[PDB]
Amino acid sequence: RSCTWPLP
Amino acid sequence: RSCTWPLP
Amino acid sequence: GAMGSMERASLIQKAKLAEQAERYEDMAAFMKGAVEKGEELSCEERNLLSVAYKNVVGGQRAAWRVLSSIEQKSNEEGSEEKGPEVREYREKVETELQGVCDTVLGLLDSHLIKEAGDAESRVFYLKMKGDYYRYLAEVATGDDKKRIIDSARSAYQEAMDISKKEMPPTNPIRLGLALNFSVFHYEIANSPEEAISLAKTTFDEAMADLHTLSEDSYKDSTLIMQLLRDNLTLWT
Amino acid sequence: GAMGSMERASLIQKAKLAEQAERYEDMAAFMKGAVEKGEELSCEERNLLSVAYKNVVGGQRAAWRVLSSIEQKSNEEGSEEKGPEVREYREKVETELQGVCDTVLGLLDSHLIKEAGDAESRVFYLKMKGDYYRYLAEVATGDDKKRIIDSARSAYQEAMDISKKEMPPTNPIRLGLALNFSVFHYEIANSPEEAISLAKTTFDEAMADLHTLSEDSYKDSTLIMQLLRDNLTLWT
Ligand SMILES: *SCCNC(=O)[C@H]1CCCN(C(=O)c2cc(Cl)cc(Cl)c2N)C1
Ligand SMILES: *SCCNC(=O)[C@H]1CCCN(C(=O)c2cc(Cl)cc(Cl)c2N)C1
Ligand SMILES: [Mg+2]
Ligand SMILES: [Mg+2]
Ligand SMILES: [Mg+2]
Ligand SMILES: [Mg+2]
């Protein structure tokens with residue numbers, strides 16, 4: 001998928 | 001650790 | 001709520017313990033309790049809040065995607081009728097996800113955003129507002145999908161406008177905001193060109209400002225820049 | 001309970017969906033609901049029950065170990081006093097773990113074990129009873145620790161006696177029982193020699209019976225045999 005920030 | 005079965 | 005009797009400092013201490021234990025539901029509950037004390041959050045405390053809810057909603061989103069995929073396959077031609085269970089269970093997970101999003105949005109509206117005067121804090125919270133409307137948008141299908149999408153867009157835009165005025169182009173909050181708004185454009189707004197433009201401009205302006213940074217700040221910024229590059233690679 | 005209105009078949013269907021979604025709390029709740037319908041469980045359904053609770057308790061046990069480690073360090077000499085929070089939060093996780101164990105034990109006592117006449121089912125449930133008393137033993141410190149340990153031992157022993165009479169030495173349930181009883185001996189009963197003897201005898205008797213098996217049964221049995229070998233390697 002596309003990367004989004006904080007990251008779980 | 002020591003292995004036990006089902007494995008989570 | 002159920003955290004009303006616990007000291008603010010104890011709630012923050014326990015959130016950190018819950019993180020170490022990978023108990024993110026507990027971590028979120030502790031941080032909600034801390035926010036509800038009514039004091040502003042420090043930088044570290046904002047990060048704890050974000051990590052807690054990101055992990056909780058991240059689990060729900062992953063589960064929702066699994067279930068939606070199964071549901072979509074069930075509604076193909078030649079797929080055997082399996083009754084209402086898949087839809088019911090997808091709906092259950094969806095409703096729980098929406099609840100978490102509404103909880104976060106509630107904390108932001110009552111009253112984190114209005115009390116946030118410094119750029120760092122205000123941009124952080126507006127980015128969160130964008131992000132949780134974006135998660136609501138991912139599962140939205142009804143009369144309100146457009147309004148949910150616009151709510152995300154509006155929050156991200158306000159955050160962007162402040163960040164460009166008040167923060168350097170390498171600021172990690174500014175970078176993460178831009179990264180997530182670019183994903184909003186690509187995945188939610190059906191605007192891949194806007195997504196690509198935003199990611200590229202953000203990357204290039206950050207690159208040009210790296211020379212001003214310490215080694216530690218350079219590490220923080222370049223980590224997020226790599227995520228922008230990763231998306232651009234995926235998208236082009 | 002809250003699953004009282006849902007069809008047995010729907011509960012099993014949803015447990016499988018929850019597994020695919022990695023939603024183990026939901027999976028456990030669905031399987032509890034299915035058990036509470038009062039019908040015996042099939043082989044596949046017993047496995048769903050076991051997988052669900054193993055994942056839930058596995059998370060709790062991992063968290064408990066993190067927290068207990070932190071608590072133990074806090075009570076060393078030269079460690080700064082940090083107040084009651086670590087103990088409180090360890091206690092919270094502990095109580096939740098104990099609750100899950102009591103729930104599983106409750107299902108076994110009301111009325112899975114008494115209705116289980118075939119060796120496969122009866123050994124499966126008695127192994128579970130041993131396992132959940134063993135998890136209670138891992139966190140026990142009071143007047144009842146010895147009795148908890150004996151409850152585990154008694155369940156495992158009954159299971160062992162039936163398995164040796166009624167199942168071949170390669171049977172995966174027999175193997176997994178022996179593996180777990182060997183761990184009980186090593187970790188809980190302070191009997192490493194018994195643990196080692198049990199693992200060795202079980203491995204050797206299984207080895208000698210592999211020739212009787214199909215390719216698929218051979219795979220099932222040898223997987224568990226490797227776990228016995230892994231423990232023996234760790235212990236000797
Ligand atoms: S809070 C005091 C120490 N750290 C910081 O101020 C920042 C520097 C380290 C990098 N940061 C982030 O990358 C970040 C960005 C976003 Cl958009 C959200 C989060 Cl939760 C973080 N941690 C924080
Ligand atoms: S249920 C019908 C198909 N499978 C089986 O009967 C067994 C064969 C596959 C191996 N099995 C196990 O290893 C096993 C052992 C124990 Cl002690 C617990 C569990 Cl949950 C399993 N799955 C099941
Ligand atoms: Mg819905
Ligand atoms: Mg622009
Ligand atoms: Mg206790
Ligand atoms: Mg013996």
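When reading the values below, keep in mind they use all heavy atoms of this one structure, side chains included, and skip hydrogens, waters and symmetry mates. Naming: A, B, ... by sequence-line order, numbering from 1 per chain.
- For chain B, no part of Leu228(D) is nearby; none of its heavy atoms comes within less than 4.5 Å.
- The line from CH2 of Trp235(D) to NZ of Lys200(D) is 14.0 Å long, rounded to the nearest 0.5 Å.
- Of the listed residues (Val56(D), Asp230(D), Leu234(D)), the one with the most heavy-atom contacts under 4.5 Å to chain B is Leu234(D).
- By the 4.5 Å heavy-atom criterion applied to side chains, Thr170(D) and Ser217(D) are not counted as neighbours.
- Not a single donor-acceptor pair under 3.5 Å links the side chain of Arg90(D) to the backbone N or O of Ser68(D).
- Among the candidates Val57(D), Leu175(D), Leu223(D), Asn47(D), the residue making the largest number of heavy-atom pairs closer than 4.5 Å to chain B is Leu223(D).
- For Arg65(D), the part sitting under 4.5 Å from any heavy atom of chain B is the side chain, from C-beta outward, and nothing else.
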Step-by-step side chain to side chain donor-acceptor pair (under 3.5 Å) determination, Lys145(D) to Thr141(D): CA-CA 6 Å; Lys145(D) 193 191 185 186; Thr141(D) 61; over 6 Å; no
Which is it for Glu19(D) and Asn55(D) under the side-chain contact (heavy atoms from CB on, under 4.5 Å) test, yes or no, and what are the steps along the way? CA-CA 10 Å; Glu19(D) 184 179 26; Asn55(D) 278 273; over 6 Å; no
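- At a 4.5 Å heavy-atom cutoff, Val51(D) makes no contact with chain B through either its backbone or its side chain.
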